[PDB]
Amino acid sequence: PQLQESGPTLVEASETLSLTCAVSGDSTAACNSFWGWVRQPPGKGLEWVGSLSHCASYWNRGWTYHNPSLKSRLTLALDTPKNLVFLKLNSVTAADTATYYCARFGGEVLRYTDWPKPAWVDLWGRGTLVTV
Amino acid sequence: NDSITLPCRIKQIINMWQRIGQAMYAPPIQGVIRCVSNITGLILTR
Amino acid sequence: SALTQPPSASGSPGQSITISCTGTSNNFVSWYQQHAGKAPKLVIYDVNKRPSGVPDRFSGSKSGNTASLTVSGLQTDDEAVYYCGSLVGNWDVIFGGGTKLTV
Amino acid sequence: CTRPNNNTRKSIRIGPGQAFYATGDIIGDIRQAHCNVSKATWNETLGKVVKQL
Ligand SMILES: *[C@@H]1O[C@H](CO)[C@@H](O[C@@H]2O[C@H](CO)[C@@H](O[C@@H]3O[C@H](CO[C@H]4O[C@H](CO[C@H]5O[C@H](CO)[C@@H](O)[C@H](O)[C@@H]5O[C@H]5O[C@H](CO)[C@@H](O)[C@H](O)[C@@H]5O)[C@@H](O)[C@H](O[C@H]5O[C@H](CO)[C@@H](O)[C@H](O)[C@@H]5O)[C@@H]4O)[C@@H](O)[C@H](O[C@H]4O[C@H](CO)[C@@H](O)[C@H](O)[C@@H]4O[C@H]4O[C@H](CO)[C@@H](O)[C@H](O)[C@@H]4O[C@H]4O[C@H](CO)[C@@H](O)[C@H](O)[C@@H]4O)[C@@H]3O)[C@H](O)[C@H]2NC(C)=O)[C@H](O)[C@H]1NC(C)=O
Ligand SMILES: *[C@@H]1O[C@H](CO)[C@@H](O[C@@H]2O[C@H](CO)[C@@H](O[C@@H]3O[C@H](CO[C@H]4O[C@H](CO)[C@@H](O)[C@H](O[C@H]5O[C@H](CO)[C@@H](O)[C@H](O)[C@@H]5O)[C@@H]4O)[C@@H](O)[C@H](O[C@H]4O[C@H](CO)[C@@H](O)[C@H](O)[C@@H]4O[C@H]4O[C@H](CO)[C@@H](O)[C@H](O)[C@@H]4O)[C@@H]3O)[C@H](O)[C@H]2NC(C)=O)[C@H](O)[C@H]1NC(C)=O
Ligand SMILES: *[C@@H]1O[C@H](CO)[C@@H](O[C@@H]2O[C@H](CO)[C@@H](O[C@@H]3O[C@H](CO[C@H]4O[C@H](CO[C@H]5O[C@H](CO)[C@@H](O)[C@H](O)[C@@H]5O)[C@@H](O)[C@H](O[C@H]5O[C@H](CO)[C@@H](O)[C@H](O)[C@@H]5O)[C@@H]4O)[C@@H](O)[C@H](O[C@H]4O[C@H](CO)[C@@H](O)[C@H](O)[C@@H]4O)[C@@H]3O)[C@H](O)[C@H]2NC(C)=O)[C@H](O)[C@H]1NC(C)=O
Ligand SMILES: *[C@@H]1O[C@H](CO)[C@@H](O[C@@H]2O[C@H](CO)[C@@H](O[C@@H]3O[C@H](CO[C@H]4O[C@H](CO)[C@@H](O)[C@H](O)[C@@H]4O)[C@@H](O)[C@H](O[C@H]4O[C@H](CO)[C@@H](O)[C@H](O)[C@@H]4O)[C@@H]3O)[C@H](O)[C@H]2NC(C)=O)[C@H](O)[C@H]1NC(C)=O
Ligand SMILES: *[C@@H]1O[C@H](CO)[C@@H](O)[C@H](O)[C@H]1NC(C)=O
């Protein structure tokens, strides 16, 4: 089980940021967990970015969980035949400078009540510092 | 709404048309199962 | 609503420190360990549960609006920044401020 | 009516040759299967029935 952050380290003000995580040792397409990101600002604490899974129920086409303060600029994606996690962060500002982490989410996922409730980073990457 | 929730149970071994002497095993159907139909009458007793 | 952690912890080797996390729960409570120039490591989840490799001398609990993590038998490697985590409302993942512990 | 169980089919080769479909694992929204009925509709129709009665 190995996660790996990848993408540009320098973007322009208002440019969309596109980061990709290479997942090895397990299958991202499996119903055991959620995949997403956390972005620790320099000299500050952790901040949940978001997460999703393609483990669909009759009424949908998978599950997607956005951070309400970031939703307004955020799209997430998954690639099940290559096992990749995608971060599409729209209109990036200086305030968005942070160390971004590839996260596998554990919690009341696989078996759940009413809706999936993931609650912890099951598996960590190493982190990448992206600036403007 | 208002609406009514009816608790249901699932069986895999069933007996058709009150017939004894044989039984049929339903295979489990993979994935979430949901459907909708029209109730068009009642079988009532006095 | 957010989790609160005092900025820092301290005692000599062989000692034991209990660190608080204010912002209630839920059984969806976890703690993480981070060293300088290193990614955080999951220490504990479901209040009481240690993932494979986490020593037996690490253990938390909770009461009311505050959760806690106790680290017993302090040593050099225990010095790190620790974060608590909680699932809020529907799926909101909250992290505390972080408490930097020194042995 | 709904059965909210994304369960698998651990088929077992209890041959010779012929195969059996056993029940794999049950995952997803572990709720009891149930049916949804429009209450006002039921009440209304039932009334119409009672008229006959
Ligand atoms: C038999 O009959 C049954 C009825 O008797 C019937 O049951 C019904 O089933 C359907 C499904 O089959 C149910 O419908 C779904 O309900 C989901 C959940 O609904 C609840 O939650 C939402 C959201 O609540 C939070 O967020 C809003 C906005 O911020 C706040 O206003 C809330 O207060 C609350 O906030 C907390 O949490 C936030 C996030 O964690 C925090 O930020 C915040 O700080 C708070 O802590 C509410 O909107 C709902 O309220 C509505 O209903 C009540 C009912 O009492 C009304 O009073 C009220 O006015 C509202 O109308 C409710 O409380 C829905 O999420 C779900 O909709 C999603 O999916 C569809 C898919 O087609 C999308 O189109 C839609 O856009 C939604 O997508 C979002 O959410 C999904 C997850 O659900 C994500 O994966 C997706 O990516 C997207 O997320 C984005 O937005 C999120 C916010 O929504 C955000 O968090 C993410 O970050 C992201 O950016 C759908 O409507 C229905 O509720 C059942 N009803 C009952 C009574 O059971 C049953 O089906 C029948 N049986 C059968 C077999 O048919
Ligand atoms: C009272 O009457 C009403 C009205 O008749 C009945 O309601 C119907 O109930 C039936 C089941 O009994 C429902 O049938 C289901 O239809 C599904 C929808 O398929 C359509 O959309 C899909 C999705 O894009 C299209 O691909 C389809 O197009 C194709 O098929 C048609 C017909 O063969 C062709 O003409 C076309 O050219 C296309 O090839 C349709 O437009 C359908 O998906 C579903 O089939 C799945 O499930 C059955 C078992 O039920 C499996 O045998 C089958 O293999 C399918 O499973 C595959 O797909 C699912 C999708 O998730 C996967 O999960 C599986 O793993 C697998 O890959 C089924 O046939 C019908 O929808 C419904 N009609 C209405 C009006 O709602 C009530 O039943 C009846 N009440 C009672 C008491 O019986
Ligand atoms: C119900 O529960 C099931 C779990 O049992 C859950 O299933 C997942 O559903 C998602 C959504 O469809 C699947 O993801 C899709 O994958 C498409 C490619 O599929 C092929 O390749 C898969 C990968 O194979 C590798 O990894 C698996 C890991 O689990 C491993 O076993 C394999 O050995 C292999 O190494 C493969 O799993 C998959 O097989 C399924 O289908 C075959 C029949 O085709 C069946 O025999 C198997 O039993 C199995 O069910 C298949 O061979 C991909 O194209 C697809 O993408 C579309 O949507 C996205 C949306 O964003 C677009 O990006 C894209 O362009 C396409 O439009 C999608 O990603 C996932 O793989 C399922 N399987 C598993 C095991 O998790 C359901 O979602 C649950 N919900 C419901 C109600 O159905
Ligand atoms: C039993 O299961 C059946 C399906 O088998 C369910 O059917 C749904 O029934 C409701 C009520 O008739 C339908 O809801 C109405 O749909 C209208 C159109 O919806 C589609 O189009 C709009 C744009 O027109 C899209 O926004 C939407 O996503 C849909 O794609 C809406 O115009 C109606 O909205 C109005 O009424 C609602 C309250 O019901 C208000 O909230 C709105 O503000 C507005 O005034 C309405 O939603 C629904 O479309 C039917 N589904 C389908 C598949 O046909 C029953 O709901 C179900 N019963 C149980 C208890 O679950
Ligand atoms: C059904 O409606 C009738 C009036 O039409 C009323 O007498 C009775 O109380 C109703 N039942 C429900 C459950 O409201």
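Only the coordinates and a few stated rules stand behind these numbers; no lab work does. Quick reminder, even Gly has a Cβ in these numbers, built from the backbone with ideal geometry, and neighbours come from all protein chains shown.
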Item to complete: For residues that are more than 9 Å from chain B (Cβ to nearest Cβ) and among the β-branched types (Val, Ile, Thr), scanning just segment D:14-26, find the one that is farthest from A:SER57 (Cα to Cα).
Response: D:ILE14
Discussion item. It is to be established whether one or more residues within segment C:57-78 are farther than 30 Å from A:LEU129 by Cα, surrounded by fewer than 21 Cβ atoms within 10 Å (Cβ to Cβ) and among the acidic types (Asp, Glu).
Written reply: no
Practice prompt. State the number of residues belonging to segment A:119-132 that are farther than 18 Å from A:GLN4 by Cα and more than 7 Å from every other protein chain (Cβ to nearest Cβ).
Written response: 2
Worksheet item: Among (1) at the interface with chain D (Cβ under 7 Å from one of its Cβ atoms); (2) within 16 Å of ligand 2 (Cβ to nearest atom); (3) exposed (fewer than 11 other Cβ atoms within 10 Å of the Cβ); (4) not polar (S, T, N, Q), which single condition is B:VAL36 missing?
Response: (1)
Discussion item. Checking the conditions here, which among B:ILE29, B:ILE10, B:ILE43 is more than 21 Å from D:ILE27 (Cβ to Cβ) and free of Cβ contacts under 8 Å to residues at least 40 places away in the same chain?
Written reply: B:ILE43
Worksheet entry | Of the criteria (1) hydrophobic (A, V, I, L, M, F, W, C); (2) at the interface with another protein chain (Cβ under 9 Å from one of its Cβ atoms); (3) surrounded by 10 or more Cβ atoms within 10 Å (Cβ to Cβ), which one B:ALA26 fails | (2)
Practice prompt. Could you grab me the full set of residues in segment A:98-132 that are more than 23 Å from A:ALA22 (Cβ to Cβ), assigned to a strand (DSSP E or B) and among the hydrophobic types (A, V, I, L, M, F, W, C)?
Written response: A:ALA119
Practice prompt. Would you confirm whether any residue within segment B:2-22 is facing another protein chain (nearest Cβ under 7 Å), in a loop (DSSP other than H, G, I, E, B), out of contact with any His (no Cβ under 9 Å at 6 or more places or on another chain) and within 16 Å of ligand 3 (Cβ to nearest atom)?
Written response: no
Worksheet item: What are the residue pairs meeting all of these: first residue in segment A:5-16, first residue more than 16 Å from A:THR128 (Cα to Cα), second residue part of a strand (DSSP E or B) and not hydrophobic (A, V, I, L, M, F, W, C), Cβ atoms under 8 Å, and 6 or more apart or on different chains?
Response: A:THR16/A:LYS88
Practice prompt. Might you check whether a residue that is within 15 Å of ligand 2 (Cβ to nearest atom), touching a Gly at 6+ places or on another chain (Cβ under 8 Å), within 24 Å of B:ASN1 (Cα to Cα) and not acidic (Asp, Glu) occurs anywhere in segment D:1-9?
Written response: yes
Item to complete: Confirm whether A:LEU87 is within 27 Å of C:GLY97 (Cα to Cα), of a type outside the set (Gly, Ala, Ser), away from chain C (no Cβ under 14 Å) and away from ligand 2 (no atom under 16 Å from the Cβ).
Response: yes
Worksheet item: How many residues are away from ligand 2 (no atom under 16 Å from the Cβ) and more than 9 Å from chain B (Cβ to nearest Cβ) if we restrict to segment D:27-42?
Response: 3
Worksheet item: If you go through segment C:21-44 one residue at a time, do you hit one that is part of a strand (DSSP E or B), more than 14 Å from every other protein chain (Cβ to nearest Cβ), farther than 22 Å from A:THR99 by Cβ and touching a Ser or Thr at 6+ places or on another chain (Cβ under 6 Å)?
Response: yes
Response to the item:
Counting only residues that are in a strand (DSSP E or B) and more than 17 Å from the chain's Cα centre (by Cα), segment D:1-26 contains a total of 4
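Scan segment C:90-102 and give yes if some residue there is away from ligand 2 (no atom under 16 Å from the Cβ), within 12 Å of chain A (Cβ to nearest Cβ), of a type in the set (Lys, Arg) and in contact (Cβ under 8 Å) with a residue 40 or more places away in the chain, otherwise no. Break it down into steps so the answer makes sense when it comes.
Step one: filter segment C:90-102 for residues away from ligand 2 (no atom under 16 Å from the Cβ), giving C:90-102.
From what is left, the residues that are within 12 Å of chain A (Cβ to nearest Cβ) are C:90-100.
Now restrict to residues that are of a type in the set (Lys, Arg): C:100.
So of that shortlist, the ones also in contact (Cβ under 8 Å) with a residue 40 or more places away in the chain come out as C:100.
Yes: one or more hits.
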